[PDB]
Amino acid sequence: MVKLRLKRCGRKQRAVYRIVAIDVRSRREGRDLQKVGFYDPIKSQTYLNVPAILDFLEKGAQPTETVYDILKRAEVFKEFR
Amino acid sequence: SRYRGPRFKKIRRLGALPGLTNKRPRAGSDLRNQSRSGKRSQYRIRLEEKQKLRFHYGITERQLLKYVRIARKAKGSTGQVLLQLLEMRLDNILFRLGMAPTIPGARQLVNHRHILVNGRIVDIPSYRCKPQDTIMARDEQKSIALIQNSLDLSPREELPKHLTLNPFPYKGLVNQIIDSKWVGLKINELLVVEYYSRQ
Amino acid sequence: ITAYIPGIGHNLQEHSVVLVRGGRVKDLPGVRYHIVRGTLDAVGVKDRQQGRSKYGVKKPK
Amino acid sequence: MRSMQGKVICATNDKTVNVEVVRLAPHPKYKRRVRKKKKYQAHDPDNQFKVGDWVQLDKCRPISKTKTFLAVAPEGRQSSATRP
RNA sequence: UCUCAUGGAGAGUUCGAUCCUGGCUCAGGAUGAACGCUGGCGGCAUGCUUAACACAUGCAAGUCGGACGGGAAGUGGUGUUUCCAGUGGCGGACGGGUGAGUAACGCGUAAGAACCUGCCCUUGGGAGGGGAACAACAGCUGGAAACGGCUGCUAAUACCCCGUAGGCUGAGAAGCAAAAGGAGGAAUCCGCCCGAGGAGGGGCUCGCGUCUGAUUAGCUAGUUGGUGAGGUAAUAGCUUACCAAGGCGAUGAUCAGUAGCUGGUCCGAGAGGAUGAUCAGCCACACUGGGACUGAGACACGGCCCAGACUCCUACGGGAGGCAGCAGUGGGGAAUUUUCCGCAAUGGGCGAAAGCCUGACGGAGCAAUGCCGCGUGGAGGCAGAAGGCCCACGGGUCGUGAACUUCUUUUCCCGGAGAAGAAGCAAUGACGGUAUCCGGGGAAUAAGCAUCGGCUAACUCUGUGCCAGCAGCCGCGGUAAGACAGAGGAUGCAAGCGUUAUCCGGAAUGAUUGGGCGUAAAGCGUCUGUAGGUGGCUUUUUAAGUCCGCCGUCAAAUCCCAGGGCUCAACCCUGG
Ligand SMILES: [Mg+2]
Ligand SMILES: [Mg+2]
Ligand SMILES: [Mg+2]
Ligand SMILES: [Mg+2]
Ligand SMILES: [Mg+2]
Ligand SMILES: [Mg+2]
Ligand SMILES: [Mg+2]
Ligand SMILES: [Mg+2]
Ligand SMILES: [Mg+2]
Ligand SMILES: [Mg+2]
Ligand SMILES: [Mg+2]
Ligand SMILES: [Mg+2]
Ligand SMILES: [Mg+2]
Ligand SMILES: [Mg+2]
Ligand SMILES: [Mg+2]
Ligand SMILES: [Mg+2]
Ligand SMILES: [Mg+2]
Ligand SMILES: [Mg+2]
Ligand SMILES: [Mg+2]
Ligand SMILES: [Mg+2]
Ligand SMILES: [Mg+2]
Ligand SMILES: [Mg+2]
Ligand SMILES: [Mg+2]
Ligand SMILES: [Mg+2]
Ligand SMILES: [Mg+2]
Ligand SMILES: [Mg+2]
Ligand SMILES: [Mg+2]
Ligand SMILES: [Mg+2]
Ligand SMILES: [Mg+2]
Ligand SMILES: [Mg+2]
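About the cut-offs
- Residues numbered from 1 in each chain as written, not as in the entry; some residues may be left out.
- Chains lettered and ligands numbered in written order.
- Part of a larger assembly, values for the part shown.
- Heavy atoms only, no water.
- Pairing = 2+ DSSP bridges.
- Helix = DSSP H or I, 4+ residues; strand = E, 2+ residues; numbered from the N terminus.
- Near = heavy atom within 4 Å.
- Polar contact = N/O pair within 3.5 Å; in protein donor to acceptor, adjacent residues only side chain to side chain.
- Nonpolar A, V, L, I, M, F, W, Y, C, P; charged D, E, K, R; others polar.
- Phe/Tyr/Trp six-rings, centres within 6.5 Å; stacked < 30°, edge-to-face > 60°.
- Buried < 20%, exposed > 50% of the residue type's maximum accessible area, 1.4 Å probe, protein only.
- Contact = heavy atoms within 4.5 Å.
- Axes fitted to C-alpha atoms, helices over the stretch in contact; angles between N-to-C directions.
- Parallel < 35°, antiparallel > 145°, perpendicular 65-115°, else oblique.
- Left-handed = near helix turned anticlockwise from the far one by under 90°.

## Regarding the pairing of strand β1 (residues 2-8) of chain A
All names here are of chain A.
- Judged from the seven bridges that link them, β1 and strand β2 (residues 17-23) form a sheet pairing that is antiparallel. When the bridges of β2 are listed, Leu4 appears paired with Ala21.
- In this structure, β1 lies alongside strand β4 (residues 62-63), joined through two bridges in parallel fashion. Pairing of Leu4 across the sheet is with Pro63, part of β4.

What follows is the structure, given as C-alpha cells:
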C-alpha cells in the first residue's frame, strides 16, 4: 500500500520534517520516489505542492492523521472530488 | 584558546603590531644577541610573516587554517580574500572604529555582552559583519561608559572610507567591502600563501 | 619477540606483565619493539622532568 | 546497435545453433578498443541456418538452460554486389 | 592589453671530492582509534574493528467483546456495566541486530516476457435454502512438573452439502465452481463471495561492470540439445524416460585462497590509488545442520518437527531453552557506555470508536573519541627593590612580566522569572523548572604538552666521561657535549600535546598521462612462422566506433555553486 507520511531529518531537539510518499512496510528513512511537501512545527511554513499529491490520492494513497490535518487546512479535498 | 602573555617579548623579534597595542618597545637591548641571531632562513621569514596575523587579530591556527580553505575556494587573489575575512571580523571592526584601545580589550567587550548588531546581541568576537550592518552598544550605563571612555580620553585616528560614526548614538556602520590596501598592518600576503602550500 | 627498555633504571624481572609498542632501535640488530613506561608493571622513570609524557611519570606538585 | 550479430559456428545440435558474438570496447585504463568474444545459444525451429552463415539475435523468454535468444536474419548489410 | 588556470615545493644518506643511477628515511593530511602527561565549559556527532565465543535477570508483538459460546467481579449478590482462558479474524515475512557464508544476475547499471499480489483505490454483478463437529465447559482420571487421557453437551464472520454464475477445462458438444453476518433513534455504516483494472511490493530471464594465483590445464555426464510424459504462481533438465554429442576454456575453464556489494569515505595538481564504521539501499544469516506446515506473502531471530553439542529443572520416569533485539554479566583483547525515563512527538500493528502495545523511535546519563565555538582578564603600571639564570664581572636576560591601581563578569556562586516543540475547540510535554531572560556579589573558579645537532622554527651553563643514555634518517657521548640528564631561556601548539599502529601523498620508486634495457638492474644464441596486434594510395557504400542536437535514467543524503535559519561556526534546511 502507498501512504502519505512524513520522515524526520534534522538536529536533535529541532524537528524539521518533510512530506513524502513511500510504501508502508519500508522504514521511516526509506527509499523515496516523490517528495511532495515540507513542514516544521516551529516556523510553521509549508509549500505542499498539490499537483503531485492528487496524483497519488487518486491511486489509493491514504494520508496519516496529521497529514490529513495539513491537507485539511488546504482546500485540496474539495478539488479532489 | 588565548595568548594571555607578554606582548613586547614578541614585538622585539616579530615586527610592529598596532592592532595589539599602540605602545612601543623601549630598549634595543644588546648588540650581542643581535650577533647571535644574525641572518634568517627563508622558512623562518615565511614563518614570521604568518605570526603577525596570529597577534594582530587574536586567532588560532585551526581558526586561521579554516579561512585559508575559504580563500582557496574563492576565486582570485586568495591572499587578498584572506584579509577580507579577517578585517570583516567583529573584533577588528570595533577596534578600527576606535571603540577600544586594544583588540584584546575589544574582544573582552564582545564576550561580556556589551555590543549588539542590528538590534541583537552578539557574543562572538569572530563574528563576520556583512555590509550595511549597524553596531551599537547596550542601554546600561556601564556599557555606554566603556565605549564613551574610549572615544573621549585620547585622540582619534582617521577612519577609513568603509566605516562611519554617528556620535549621537556612538555607533558605526559598514559601507562596502574592504580593499586589500586598507589593511591596518604592513603585510606581504604572498609569503603567507607560500607557507600553507604544503597544507 | 624481544623489546627495548627506554629510560634510565627499571624494576622489571622475570614473570612480569609489560605493554609493548612499535619503534625499532637501529644500534641493536633484531630489536624492533619498545615497551611503555608507566603501565601494568613498568614504572615511570625516577627523577625525570623534561620529556615526561614519553615515560609515564607524574608531574611534580 | 540494439541487438547483437554473430557467427553461427557449431550448428550441430538439433533445433539449436551455437553463435559467436564479437564486440569492441575501450580498455578503461589505457583507452584502446579490444576485440572481445562471447558465445551464446539460440534456436531455429526451421533449421534454416548452418555453419558459415551470418545471423542476428533477439531477446525472448527462456527455452532451456543457457539458451535464451532467438535467431533471426540480419537487417543492415552491405552486399552491394558490383555497383558502379 | 581578452579569457581560462586557484593547482605539482623538497631535504639527508654511498665518495677524498664531483656528476649520475638506485633503495632507505623525513617534512603533509586522515582515523570506529589505543597508550602516555595534562585537563574549564558549551554545541553538533560518535562509541566490540578481537571470541558469528558462552550467557543469569527484566523487557523487546500484540490486538478486536461492534465475530461467538461460556466464566468472573461489582451493584439493591436483579438492569446498565468492567475484566478474559478458549474458538474465530488481522498482524507475528514489517521494524531491530549481525557480516559468518557468498566471486555470482549477489550487487550496481541498463533492458525484457512466461507470473503472483492480503491491506488501499476504481469498477461490474451477487449473498437462497439445510445439516454435522471440535474447543471452552461438566464428570472421571494419569503426573514431581511441564503437559495430558477418557466419557458426554454447545455457539459463530469456524466446518459440510445442495441451488445459481459475465469465471475455469476443452476443437466443440458438454462438465465444474461460490457467500457471513455484525452494530443501529433503523436508511446503512463495518464486512463477506465471483469477475475485470490501477498503484505499490515481490518472483524469473538477459547485456555490461564486478579480487588474487599457471609451481592449479584440462573440466562437465542430467553434463549441452530435442521430443514425450511431468511439475511450478510462472519460463526453464526444474524432474524423468529415450535419442542425438555436444557444452566451458590459455582473452585463463576447473581447482585453491580471499571477500558482503553499492551510494559513498580518505588521499591526490590531475589521471587515479586505497577503502566499504556511523547515515541510506539491496542481498545473506538467526546455537550447529536438515525438513516442511501455515498464509496473499517464509522455508519464518523472539513459530513448529527431527538429529547433534552445551546449559538449567527433576520426585530419574521425564522436561525446558537459544541476547549476531535493548540494557547488562563472564571471557578474549591495547581498547569502546546506564541492568535509566517516556510513548509527549515521528512511524508501525489491531480496533467502528474510545483506546491498547511499540528497548523501533524520541530523550537523559558515562567518555576530550572527533569536529566546531568561548574562557582561563582589559587598560595603565613613573622610578626603584627582592629573587632565578648567564657574564668579558661593567652588566644582560626572565621582565610591563610580577607587585600595585582602576574597569568589566562570558564563565563561577546566590536569588527570581521562564518557553517553543502540540498537529486536534479545550485539555494532552519523557525531555524540564531544560534552553532562555532579569537582579546581586566579585579578578574572584580555570594551562598545560612537545621540541630547541641538520631535515626543522627555536641556546647557553652545570653534571656525566663511548659510562649512564638519546635517535625517524645521517649518526651524537671516549673531560670544556648547541645531539645524553638537570637548570634557565626560547620556539611551535593549546584543553589539548606527543608516542605507536593503519592508508594515501611525497614516490616519475611499476613512470596511460609519466620511466628504461651499449658500459649503472634490464635485447631470448639465432632464424622461420600459428594465434594476436598494426598496416600504402584513389573514388564510392554503410554509419559500428567517433562528434553534435533532444528524451529517459544513474534515489535521497554527501561533494560543488547560490540562498536561508540556529547569537557565529560546526551543523540543519530550501533550490539548482
Ligand atoms: Mg579548540
Ligand atoms: Mg662520508
Ligand atoms: Mg564485530
Ligand atoms: Mg468486527
Ligand atoms: Mg479474550
Ligand atoms: Mg495475512
Ligand atoms: Mg456447490
Ligand atoms: Mg542440473
Ligand atoms: Mg524444449
Ligand atoms: Mg567473510
Ligand atoms: Mg602524485
Ligand atoms: Mg552464539
Ligand atoms: Mg518470526
Ligand atoms: Mg533472542
Ligand atoms: Mg546486546
Ligand atoms: Mg507512539
Ligand atoms: Mg502514533
Ligand atoms: Mg509492554
Ligand atoms: Mg586520551
Ligand atoms: Mg597586563
Ligand atoms: Mg634552525
Ligand atoms: Mg630527548
Ligand atoms: Mg660538559
Ligand atoms: Mg638536552
Ligand atoms: Mg606513482
Ligand atoms: Mg629508471
Ligand atoms: Mg658489470
Ligand atoms: Mg649490466
Ligand atoms: Mg616472423
Ligand atoms: Mg544524488
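Next, the rest of the story.
## Considering the protein's contact with RNA strand E
- Near RNA strand E lie 148 residues; those nearest to it are A:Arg11, B:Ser1, B:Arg107, C:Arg52 and D:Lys67.
- Taken together, the sugar and phosphate atoms account for 78% of what RNA strand E places within 4 Å of the protein.
- B:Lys73 places a side-chain nitrogen or oxygen 3.1 Å from a phosphate oxygen of RNA strand E.
- Broken down by class, the residue content of the surface near RNA strand E amounts to 38 nonpolar, 40 polar and 70 charged.

## Here's the deal with the packing of aromatic side chains
Residues and elements named next belong to chain D.
- Per the counting criterion, the structure on display carries five aromatic pairs over all chains.
- Each ring, one from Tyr40 and one from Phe69, has its centre 5.1 Å from the other, and the planes form 70°; the classification is edge-to-face. In this pair, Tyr40 is assigned in strand β3 (residues 33-42) and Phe69 in strand β5 (residues 67-72), connecting sequence segments 29 residues apart.
- The buried category is assigned to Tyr40, whose relative accessible area is 17%.
- Using a relative accessible area of 14% as the deciding quantity, one classes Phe69 as buried.

## Some remarks on the environment of B:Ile93
Residue and element names in this part refer to chain B.
- Summarising the element assignment, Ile93 is placed in helix α6 (residues 90-96).
- The class of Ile93 is buried, set by a relative accessible area of 5%.
- On a C-alpha basis, the gap between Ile93 and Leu163 in space is 8.6 Å, while along the polypeptide they are 70 residues apart.
- Beyond its immediate sequence surroundings of up to four residues, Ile93 is in contact with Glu87, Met88, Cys129, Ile135, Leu163 and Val174.

## Considerations on the packing of helix α4 (residues 61-73) of chain B against helix α5 (residues 78-87) of chain B
Residue and element names in this part refer to chain B.
- Running from N to C, α4 and α5 point in directions that differ by 130°, and their axes come no closer than 9 Å. Here α4 lies oblique to α5, going by the angle between them. Helix-helix and strand crossings are classified by hand; for α4 and α5 the assignment is right-handed. In this structure, α4 contributes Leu64, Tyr67, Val68, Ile70, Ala71 and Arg72 to the contact, and α5 contributes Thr78, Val81, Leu82, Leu85 and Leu86.
- Of the residues that constitute the contact of α4 with α5, the class distribution is nine nonpolar, one polar and one charged.

## Describing the arrangement of the chains
- Of all C-alpha pairs spanning chain A and chain B, none lies closer than 19 Å, and the two are not in contact.
- There is a gap between chain B and chain C: no contact, and a shortest C-alpha distance of 22 Å.

Distances and angles like these do not, on their own, reveal function.
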